[PDB]
Structure formats: C-alpha cells, structure tokens
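A single chain comes next, written as structure tokens; it is the form deposited in one PDB entry.
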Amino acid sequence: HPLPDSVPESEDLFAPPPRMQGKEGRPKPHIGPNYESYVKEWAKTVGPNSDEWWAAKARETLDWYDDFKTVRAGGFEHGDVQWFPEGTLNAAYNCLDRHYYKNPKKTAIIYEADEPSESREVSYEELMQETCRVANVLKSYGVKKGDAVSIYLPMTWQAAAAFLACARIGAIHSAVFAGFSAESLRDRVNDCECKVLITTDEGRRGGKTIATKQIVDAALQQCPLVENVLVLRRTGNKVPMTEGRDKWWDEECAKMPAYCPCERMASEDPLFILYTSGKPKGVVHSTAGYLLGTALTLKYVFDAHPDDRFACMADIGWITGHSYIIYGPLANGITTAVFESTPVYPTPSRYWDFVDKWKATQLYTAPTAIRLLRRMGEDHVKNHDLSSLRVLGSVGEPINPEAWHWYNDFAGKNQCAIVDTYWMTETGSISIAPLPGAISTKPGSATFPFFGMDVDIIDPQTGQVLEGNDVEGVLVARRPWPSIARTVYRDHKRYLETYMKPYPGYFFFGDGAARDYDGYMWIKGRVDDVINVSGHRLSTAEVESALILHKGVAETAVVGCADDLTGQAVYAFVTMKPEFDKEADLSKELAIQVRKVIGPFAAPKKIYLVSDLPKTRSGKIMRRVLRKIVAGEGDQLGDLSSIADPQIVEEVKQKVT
C-alpha cells in the first residue's frame, strides 16, 4: 500500500492524550495505542481478503431481515456499485426499534432548544412513537416504497422522526436546508418529483424567527406535484394554511397508532436524496452500505462507546447532519444532540454550557464556528469544566493551526484528541481522519484513510499516480467503498462524468492534496505551524504576534519554505490599516520590530506588503495558497473558486515575483 509502516516521533506530532489511553477512568480505545495498531486493522479492510472483514462487520453492526451472500460488486466505470445486495434491512429498525426493545427509556436525542430553558431529553421510546405516527400519516397520504418525500425542517428533534419515518416505510427523503430561499426549495422539490412535503410553521434560531411556512407557500406556487404538506407546530404563531393541502403534524399524528411495521428494504434500495448546495445535483445514497459507513466511522473515528453522548453541532439539512447527528449515532444506539441555536446565543459560552450540562463525550463542529468563538474572547470558555469530552472533531473547510490550537487549548484543555475529517456528500461518511486512540495528529492534517478507503495522489498534468512521500497533486480513490453515493438522481451520466470519467479507474474527489514526508495527508496543501529557522523553532503565531505590535499593521500571515542557508525561512504577508501612508522602509521597520521582540535571528526573510490577505467567503485566510506561492507554484494553485476576491491572489503573485 502507499501507507507508512511506522510514524517516527517528533515535536510536530500530538500523540493521543491520556483520556484516549483508557486512563482516568475513560473507555479503552477501539483501536490503539499507536500508528501500527491503525495500519494493522486498516489493512484488513482493503486489498485482497477484505471481504471477510466487511462481511463480519456488516453482520455485527446491523440487524438484517435477510442475510446477504455477496459482499461487493460493480465499480466506478459504469456506476453499478453494489454492497451486500441480497440482504434486506430497515434503517429505522436499526436506528430505533432494536434499541427501544433493549432500553426504551435511554435518551436517543438531547434536544438543546434555541432557548436553553426549553431543552430536554427525548427517549428512544418517545422518538420511535413519533416516528411511527408520522410514518402512518405518510401511508395515509398514499406514500409508497420508493416515493420521494421532501423535508424542509429546522433543528428540532422531530426532524429525526421525519427522516426515519420515510426510511421506515421505504420512502426516499430529500432534506432541504431550512435556510434556503423559496427558489432553492422549489428547485429541489420539483427535481425529486415528491408529492409530499414535511415542514414547520416557523423556525427559531439565535433569538430570531425563520418564516419557513411563508417561504414554503411561495415555493409551492411553482411546485404542481405537491399535494400534501405536513406542518409541525414549532412556534404556534399564526401562519397561512391552505385547506386540504396543509395539515397540522400534531392533529394528523394524534389520529394514528404509535406503532408502524417496518418495510423490508433491499440493501441497494435508495435511502435518501441530498441535493448539493447551490441545476443542483441530487446525491443518492443506498441503505446498507451508507448505514454501515456512518455507523463504523462514528464508532471508530470518534471512539464512541455504548453510553457516550455525542454532540454534532451541524444541521440535518446537510450531509453532516444526515450521517453524524441522525443515522450514525442512532444506529450505534447512543445519545445524540440536536442543537437548535447558534454558538453565541444567548452568549458565546453556549457551546460550553451545553457540554457541561449534558456531559457530552464528543464534540463535532466546523472551523467557521470556532472562528466566531475566537473573536468573542477566552472568558466564555476558559472557566468551564469540559472534562467529559474525549474527542474534538472538525469538519468543513481546512482548519488553520491557530484555530486548531485554540480548539485544542480551550475546548479540550489539551486533554482531547482533535480529529480533522475530510469527506463529501458523495462519500457518505468520513474518508480521511485520525483514529483518536492510535494516530498522532498534526494541526491541519486529515492524516490517514479510513477503513475501506484506498486513496492516492495523481499528477493532474500526467494522469499518473505519484509514488512516495512529499508529493502533491489531486486526490483519488482506487476502489469503491460501502457508503459511496450510487448515482445522481435521474442524471447518472452526470455522476459518471463528474466523478468517474476524469481519471478512469478512480473516484475523483475534486480536491488537491499533498502527502508529506511522514505520509500524512493534507487537503488543499500543507499549512505551517512551527518553522525552524537556523535551529530556532518559531511558530507562525509567535512571528505574527510580534508583527502586530506595530500599530500600523492590520493583519498578518507568515508561511515557511525550505532554505539553503537557514534550513527553513519565514515569509511574512502584511496588510496595513487605512490610517497609514515608503514601502522598503516599512519592511525594514517591521523586521526590526520582530528582532526586538523575539530576537536577532527571528527576522522574516521576506516581508510582503499587500492590499488584503487572500480569504474565502467564510473569512478563512488561505495560508495554504500563500505557502504554495512562496514555493513558486502560483501557476498550480487549483480552481480557487472559494476565494472572495480572486484578484488578491494575482496581487500576491506579483509582489512575490
């Protein structure tokens, strides 16, 4: 395989902390205690004899109405991926019934309402009962196995009941993020051809009202196939209701029994459609492979144990909510959080009040949330307990070291593992991530592939695989995995052309990646944490702090590069405040400012004054881009479609060259 045999120790690696060593009374990790223990198990899941491992894990992890015989078949070329094809199962049975039969009063969902005082625990019994009522309502509307049902719901716990009610009867749910405009909701409702929509009267988030039902009425004026709308009374405030079409959730459910049989679904029966954010692409996922993928990743990537309380702060309208709020945790039979507020409502301490109130054991959030909390100050977090946490997760954009260390220092008090996850709607479940009890982390690196994932780097100019470490190119996967998306709804040609045609024989993620000298994977390039100039270890944060002391400086970002004289050299990008008016003199003046603070050896090799730093629409400084420009790769920077002002990159290249 392209993976290392061992990873030598260094000061750039953060080894699993004691809470991930089975110390201090915490559970012993599922995989541990070192890199070798990861690669030993991973090797069983790919290559020649991997069928045996997947067959056993499939039968151990999920309950089946009918056993499977074949483990896998098909491939990328024609998009006929199959996993466990002869088997039958039901996603609601595996996420609800089987746990309800074992421990009905166990909490399935921690519902943290927008207002803290309205939060409560929802048991597996209560969740199963509401799921069965809604399922029965859908059947009364004529919903059949294979019918699409659109869901336009905010982050209330009943959204899980809506998802699983569709899965329970074999319907295909299509969740629409509850912040979407009427046009985006319309486009998704029409493409899936649903006749039924499940929505709410209003949403509540950050103390503000979301006029879901008003937006629905506007969209449905251009959705002629929709005949039934089920409306949850989230707020009870007055909203328009169309006679016949619109019915109240509580009034319909009260008419129905609180149990409903499960439809026996084929492994490859479609479980849901999820349209990409933005003609949108309906990503289609099967039942068995997707369910197994989410169950195994949650268990192993977050080291989940039977009594854990998992807090994913995402939205069910996106794939992260599908896989790591609803399906992954409930399949494992643990407690999962549905978080309805924002990270700063009522104050920026909300996340941490939440963790300490429920004693959450894992937290899964996005760098954009961490960036918001970083701006609000340390006082909102530093005096909390938070010791119930063992694993801190990050998902979304590539995370920069400064945010990583803030997350590590304050959310984890340096006692949690940071699992940086890479995946896509189309992968179904986490694709590259450290196993927190085995893998030593680097700030900004996803590390090593998950079970079933055999990834490699391809030179896009030649199409050939790059062998060895310290290589960089585009990321591809060599073989199908259980939770891979199976098609694009009614547009299979687009599925093949987008993912399978660019590099025949491979799955094309669409992202650039680098594999560093130790074999660690870096999505969209390597980012610098600490740079070693002439034997001095200097953190980008240390240098940037010295630069900002100059009152004229607004923002700064420093990156490193190999240097024939000092080993590695520091390159600093600096933007001045509007209240400032020679360029060379300022650069010399800034270097002295660094020398006075840190030392005569810490002066950056180059200081570039630029109008603005390159950022994405989320505000993330693109330090990886800057690193490549310094390395001379300004003509190999990638699509760069995420940037806010794409001219800034061109300005940076001119200054550097």
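Take the two forms, find the largest set of C-alpha atoms that superpose within 1.5 Å, and that set is the rigid core. Sequential numbering from 1, following the sequence displayed.
The next section is about a form of this same protein that is not shown, the form deposited in another entry.
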Displaced position between this form and the one not shown, chosen from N237, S545, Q221, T347 (C-alpha, 2 Å or more, rigid core): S545
Core-aligned C-alpha movement of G393 between this form and the one not shown, 2 Å or more: no
Rigid core fit then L565 CA moved by 2 Å or more between this form and the one not shown: yes
Core-aligned C-alpha movement of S618 between this form and the one not shown reaching 2 Å: yes
In the other entry, shift in Cα separation for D528 relative to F508, 3 Å or more: closer
Direction of Cα pair change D518-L565 in the other entry, magnitude 3 angstroms or more: farther
